[PDB]
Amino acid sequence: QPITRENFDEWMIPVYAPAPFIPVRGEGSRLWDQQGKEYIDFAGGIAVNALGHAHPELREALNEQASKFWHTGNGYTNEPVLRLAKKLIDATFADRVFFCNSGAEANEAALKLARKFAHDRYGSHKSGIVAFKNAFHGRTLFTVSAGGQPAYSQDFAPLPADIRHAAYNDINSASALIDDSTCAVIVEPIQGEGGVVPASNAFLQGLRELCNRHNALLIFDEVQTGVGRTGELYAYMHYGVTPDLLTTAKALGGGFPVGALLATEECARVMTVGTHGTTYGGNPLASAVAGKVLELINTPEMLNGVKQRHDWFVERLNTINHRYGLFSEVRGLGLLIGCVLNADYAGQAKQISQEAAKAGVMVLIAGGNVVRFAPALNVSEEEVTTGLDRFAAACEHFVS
């Protein structure tokens, strides 16, 4: 009758090795497990819970809609999805929006759009997708092939063709591969799963120029960096560089699964009826929640609060690092932050993460070499201080 962690190994296809403990409830940046142990949540659902757990406003938005209707599919549109498209359109470089269920699906849409756009304006010979080493764009066949970790793509071959990977942050690597045959350049403004590595300002200017020069669409995968995470609504705003396509998901639904492709008028025009689609994308429920999310997150008091919190994190992480000497650098932007291990401790991010869990704070990794922080954007000063106290206890246990 009771549910146990041993139940997980018996019943789930074993793609994840999750925590020994099982969460049963949360509020804000706190989470509790079956035994009532209390965690401070700096993982934030992997950058998804931008307003923390069980937020009262997301809850009324969800239940208000849920009492009218949840879903019709896309033969019918709805008021929530349309208010949401509008909020996005007004807030970003975008003119049109397409909604779906996840980051992976949004990137699939973006790449398909790019392929179609080049076939239609230039010719069927123009198919190349240029992405970057260590990129993560999701787990579908297409998006994992565009993603730059061959370990996640090897087994599933033959992979869609005409994808090449340049070195992140290397403008020369990219120009080597970008030419008149390229339809798309897909890039994360900050590499998330790949070590929390920010783009340099030059690198994104350079890509934009290469795109212009060669008529490829520039796609920014802001699935991990979007919706306030950097201190601005999107990273493209921080950098000053405008993409042709922008994918967003994750924080956008603050816990409810949703993704979006933002596009210029020129690009959208090309996706005609029946050329793509989704069954659940743009449903009333998801749209009512993301709508509320945008409204709460897209305010100067929140966004400025993100930069404030960045400083809380960085200051205290350095104090900590000065004492214990784990990290060679602390990097990232707003509230996507990475502590990179120095060579003494290389490859042990996971162990530190497990130590943190024992001390009662949830952090992530980003490769074996980086401890990743992605707390809720409305994380309180007190939760930050407590959670960093626990993280420090953890670093102590770990150093031995």
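One rule holds for the numbers: they count along the sequence shown, beginning at 1.
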{"property": "Residue range whose averaged C-alpha B-factor is higher in the record, 153 to 161 or 76 to 84", "result": "153 to 161"}
{"property": "Greater mean Cα temperature factor according to the PDB record, 304 to 312 or 180 to 188", "result": "304 to 312"}
{"property": "Top Cα B factor in the deposited entry, candidates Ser145, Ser287, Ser328, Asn107", "result": "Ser328"}
{"property": "Most elevated Cα B-factor in the entry, residues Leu317, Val97, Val227, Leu111", "result": "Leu317"}
{"property": "Cα B factor band for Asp120 (lowest, middle or highest third within the chain)", "result": "middle"}
{"property": "Ranked C-alpha temperature factor of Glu60 among modelled chain residues, by third", "result": "highest"}
{"property": "For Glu38, the third of its chain into which the C-alpha B factor falls", "result": "middle"}
{"property": "Chain thirds of CA B-factor: placement of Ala54", "result": "middle"}
{"property": "Ranked C-alpha temperature factor of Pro18 among modelled chain residues, by third", "result": "highest"}
